[PDB]
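Engineer: Handing you this structure, nothing more for now.
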Amino acid sequence: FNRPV
Amino acid sequence: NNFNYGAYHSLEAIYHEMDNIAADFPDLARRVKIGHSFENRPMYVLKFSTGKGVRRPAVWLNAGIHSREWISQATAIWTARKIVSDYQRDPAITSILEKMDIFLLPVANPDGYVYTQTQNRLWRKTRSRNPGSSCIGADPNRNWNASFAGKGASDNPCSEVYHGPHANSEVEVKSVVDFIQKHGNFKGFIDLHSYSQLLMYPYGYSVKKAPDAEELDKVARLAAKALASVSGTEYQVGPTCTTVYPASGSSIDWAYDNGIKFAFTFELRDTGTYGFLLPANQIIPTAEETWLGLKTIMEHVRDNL
Ligand SMILES: *[C@@H]1O[C@H](CO)[C@@H](O)[C@H](O)[C@H]1NC(C)=O
Ligand SMILES: N[C@@H](CC(=O)O)C(=O)O
Ligand SMILES: [Zn+2]
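For the protein sequence lines, the chains are A and B, in the order given. Counting with my numbering, you get residues 1 to 5 for the letters of the first sequence. Counting with my numbering, you get residues 1001 to 1305 for the letters of the second sequence.
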């Protein structure tokens, strides 16, 4: 992924 | 009634359905205001309880702390309906409720959620003002007093992981901290996020082993196996830091460091095909499988009581 979850 | 659990909904619609659940099952479910958001929206939980004991053990179920993770609030409101529907129809949830209260917070960041519905679907943070900055909001899941301002957070208010000026600076987080502290006797704290299909336990702020790691991993693995039994959805299990990334100031690390033993984060569906933008037709399948995971964890709390 490229952004936090 | 008139609430489609297979659709995404407005904050007002969710709060209305919570009121409907409390009204329809008044001896089991009660809606409790625990605080308010930065923009003065109420924060509401549902408490499910069958006993008038004092100091009854409790579990806290948290969702929607990151506003773009819409499957979390949708899964939470479905879970509210599932608990009331299945009480006295399923011995598992009935005996869970026999022994413990359940508190459910479907929208832990109401201002962010409204923002995702009206302005920017990918908003993550709160909507609090940052003096000296035009950037808005702090990451509520870096704002807890658990190695605050440690790894995986930022001092920069423009960051998606900005921790805020001090622990509990976000009133949405302070509200939950204050309620749990006053109420007492929490045995579980489960935080629902998305996405990645992960079931994790402490710690995010350090690689050190939680004293209860062996048990938490065993329980998470059983829960993942139960979750996979519904439709085959596979989850990975482990401590936050190595299973997703370092993250300080997170909710489950604060709960565990404050003595709440069964502290878990779910990262719900999917694994990146749609990411945060999970289609509505996956809400009920996600919520159905997640329920067997949540039930497994709560069965374990029950069996320790
Ligand atoms: C955070 O926890 C630490 C534990 O060392 C304590 O000293 C402090 O009072 C807490 N801070 C806040 C703002 O709650
Ligand atoms: N794994 C983290 C995700 C995050 O806050 O970035 C959690 O516990 O929610
Ligand atoms: Zn999240």
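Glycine included, each C-beta is placed from N, C-alpha and C at the ideal position.
So with Cβ pairs under 7 Å, would you call residue 1196 of chain B a contact of chain A?
Structural biologist: By this cut-off, residue 1196 of chain B is an interface position.
Engineer: Under 7 Å between C-beta atoms, does residue 955 of chain B make it to chain A?
Structural biologist: Nothing about residue 955 of chain B can be reported from this structure: the residues present for chain B run from 1001 to 1305 only.
Engineer: Strictly under 7 Å for the Cβ-Cβ distance: is residue 1183 of chain B near chain A by that measure?
Structural biologist: Closer than 7 Å: no.
Engineer: In terms of alpha-carbon separation, which member of B/1209, B/1282, B/1292, B/1266 lies closest to residue 1064 of chain B?
Structural biologist: The residue with the shortest Cα to Cα distance from residue 1064 of chain B is B/1266.
Engineer: Which partner residues does residue 1105 of chain B have in the DSSP bridge list?
Structural biologist: According to DSSP, which records beta bridges pairwise, residue 1105 of chain B is partnered with B/1062.
Engineer: How far does the beta strand (DSSP E) with residue 1191 of chain B in it reach, from first residue to last?
Structural biologist: Unbroken beta strand (DSSP E) run through residue 1191 of chain B: 1186 to 1194.
Engineer: Ligand 1 heavy atoms versus the CB of residue 1138 of chain B: any closer than 6 Å?
Structural biologist: Answer for residue 1138 of chain B: no, Cβ out of range of ligand 1.
Engineer: Taking the alpha-carbon positions, what's the residue 1126 of chain B to residue 1012 of chain B distance?
Structural biologist: Answer to the nearest angstrom: the Cα atoms are 18 Å apart.
Engineer: Measuring CA to CA, which of B/1112, B/1059, B/1003 is closest to residue 1070 of chain B?
Structural biologist: The candidate whose alpha carbon is nearest that of residue 1070 of chain B is B/1112.
Engineer: With residue 1237 of chain B as the anchor, note down where its beta strand (DSSP E) starts and where it stops.
Structural biologist: Run containing residue 1237 of chain B: 1236 to 1239, per the beta strand (DSSP E) assignment.
Engineer: If you measure beta-carbon to beta-carbon, which residues of the region 1135 to 1163 of chain B are closer than 9 Å to chain A?
Structural biologist: Flagged, chain order: 1139, 1141, 1152, 1160, 1161.
Engineer: Quick check on residue 1172 of chain B: does DSSP put it in helix, strand or coil?
Structural biologist: Residue 1172 of chain B: helix per DSSP, three-state reduction.
Engineer: Below 8 Å, can you find three or more Cβ-Cβ pairs linking the region 1093 to 1113 of chain B to the region 1156 to 1165 of chain B?
Structural biologist: The region 1093 to 1113 of chain B, when compared against the region 1156 to 1165 of chain B, does not touch it at the 8 Å Cβ threshold.
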